[PDB]
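Heads up, the chain below is alone and in the form deposited without the ligand; it's given as structure tokens.
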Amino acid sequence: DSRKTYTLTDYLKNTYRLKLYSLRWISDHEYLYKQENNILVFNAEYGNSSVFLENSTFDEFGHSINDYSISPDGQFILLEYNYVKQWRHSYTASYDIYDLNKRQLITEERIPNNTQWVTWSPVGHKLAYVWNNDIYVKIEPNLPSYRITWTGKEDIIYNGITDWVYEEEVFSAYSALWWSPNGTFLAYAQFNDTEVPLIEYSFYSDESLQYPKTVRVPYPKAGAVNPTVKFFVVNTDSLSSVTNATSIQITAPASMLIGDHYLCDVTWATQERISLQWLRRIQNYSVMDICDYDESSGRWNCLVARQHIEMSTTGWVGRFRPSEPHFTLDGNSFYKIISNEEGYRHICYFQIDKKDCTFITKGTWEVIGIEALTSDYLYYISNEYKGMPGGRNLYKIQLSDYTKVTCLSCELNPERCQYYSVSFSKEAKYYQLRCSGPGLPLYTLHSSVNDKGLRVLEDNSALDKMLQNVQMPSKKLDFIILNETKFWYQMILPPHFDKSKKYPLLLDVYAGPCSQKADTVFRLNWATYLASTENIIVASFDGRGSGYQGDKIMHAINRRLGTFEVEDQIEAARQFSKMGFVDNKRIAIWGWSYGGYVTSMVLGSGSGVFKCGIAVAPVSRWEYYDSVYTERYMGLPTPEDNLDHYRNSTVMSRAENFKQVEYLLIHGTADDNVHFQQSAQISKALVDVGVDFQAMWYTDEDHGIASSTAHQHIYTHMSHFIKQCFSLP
């Protein structure tokens, strides 16, 4: 054996890059793929291409265009420059509209600088943008903007944008603007954070800054006042400069109004029908209101009969939040993913006039998501193939005959692709199946008309040839029967693996509620380096609390976080140790966020199975985390509700047992998700008891700690600790 190993340098410097083919379906037959800084239009059926915009077009722009947005009409394009990131999704940027017919930059009534969000109408060239927490609408790109809201304020009234809590948990986005299917109406949400308490952390900026800046973010910790959401809808077609626009408010269902409620999701059904999903602060009761517009009163009305209530007594409602409904063209019938009586999520045909729901799919698998609803077929990704919870394959079901279900990707390349994803065209005429593993990522375009594979867009052939030279580690995904239940685990076995020889084992852990750490995706990460060079088996286990395996396993840790999942990881290590190739004296664990919470808990468990551990940005007490996430799985922190578990599930409590393990606590000073407070309290507890541990603070670094320099430094420091603890060279 005389080949190079995957070194940390290769990982940090991204020497081996996984080519990807990302396209934008502008039509049912054409998509826009950016090549050599040139936007190109590709006919899906023929396969030919044409230059939509030459790089020279914006070479004289004078600014670096971060991203572009083609108007549905295709007569205009948005240019994003001066991109400034805020949180995971939130950002501010300047925008310049470019005419694609006159080949000229719009210079009059330009979108203002620091625009928080900008969106084209679903059809046409209307532009709605949020500036200074305020919503403006430009009916024509070259015409003056029309201001809709006037109550926008910073860290108080968010109009059209989402506050930290909603952006990171409820909507998973920074956009609260929902255009009507033809762009007649614009649905928006007004979040009020007047009462939500502020988390205050210090920012040191650059060396030039003399006095540090304090950053205050409206952040509702478990039990703290949550934000108030108010939904609104405005007729954009009636927008006038003479008078302000009028926004009709759709009130929440009375059940939600009794107490704190959340607007989980907003989905347009027809040009005059909208579906609002509300969920009470106690996330075990959710009502969907199919509201329609009444022409006579010009006001949207929600029929109590059409309302659909989904309650869960076993645990929380939804994997992370109520799913999205896929209405039919008529809009009087919709398909949604609901949990079956057995406890496995499946598609359920729904009619707006019948509260009864008819499940169209059933089994011990789980419908991961609905991709497209054509008048004849509904396409969904599922983990049914080979009963593998970590597999994703495309399936289509005849709407008229539900019994006729056909797999579309299961038997394409079974050896190389088992985790598939899909992006259909405007009318689902053509779809791009993208496989992420277990082999190299493969991107292929197919035609729904005859389910025929038109061509292969990307095959990662060059990377494959380069990876032949390096001694890449192998990945093993199997299951261990615990309490007569199959719990799957993945193991990145080192190259030239010998079962007889005993190798050190690092248990990468997350164990988040409804999370999967054992899948079939090819990933070039730090574990690849650890297994290839340091020869460390990197393993991950999905125990009670893991998702894609049913409500029973997912809702097992309900109202008891830091209990079953922590125990399962320790039991996993014991099973892994007795397999025969694991050095019992050298077993470690590492995790990020919830993984850090579990990593700390297992190290302080006093089990004696683990020797050392690295907790990065770890959660210490659940009363320091946001309300939406914590209250969903731990309930309210009140003396009459799980207050005991809230206090019994703190890492600080197990500090005395940390004296038997080596601990590395890494955290970013400017973390908005898991505040540095949580890491700080862990350190204080260990210092008080006298536990000796290593720590590393990264100044002005967020939860991701992904700044090139910090990313390299964090993994370099972690590599040193793991090697030192494992007594490796």
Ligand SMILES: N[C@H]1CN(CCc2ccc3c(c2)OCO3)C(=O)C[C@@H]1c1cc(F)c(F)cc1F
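Numbering starts at 1 and follows the sequence shown.
Separately, the form deposited with the ligand bound exists; it is not shown, and the next lines address it.
Placing the ligand onto this chain after superposition of the site C-alphas, with its pose taken in the deposited complex, gives no ligand atom within 2.4 angstroms of any backbone or C-beta atom; the site is classed as open. Remark: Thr119 does not count among the residues lining the ligand in the deposited complex, judged by a heavy atom distance of 4.5 Å or less. At least one heavy atom of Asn673 is located within 4.5 Å of the ligand in the deposited complex. In the deposited complex, at least one heavy atom of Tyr625 sits within 4.5 Å of a heavy atom of the ligand.
Although the partner is absent here, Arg586 is not a contact residue: none of its heavy atoms lies within 4.5 angstroms of the ligand in the deposited complex. Annotated contacts: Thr5, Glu534 and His717 are all free of the ligand in the deposited complex [non-hydrogen atom within 4.5 angstroms]. Only one segment in the set 456 to 464, 347 to 355, 437 to 445, 591 to 599 has any non-hydrogen atom within 4.5 angstroms of the ligand in the deposited complex, and it is 591 to 599. Checking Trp178, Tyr629, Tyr335, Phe231 for any heavy atom within 4.5 Å of the ligand in the deposited complex turns up a single hit: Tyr629. A heavy atom within 4.5 Å of the ligand in the deposited complex is found for one listed residue only; from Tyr380, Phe522, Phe76, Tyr510, this is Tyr510. The partner is not shown here, but in the deposited complex the stretch 162 to 192 reaches within 4.5 angstroms of the ligand through a heavy atom at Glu168, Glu169, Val170, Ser172.
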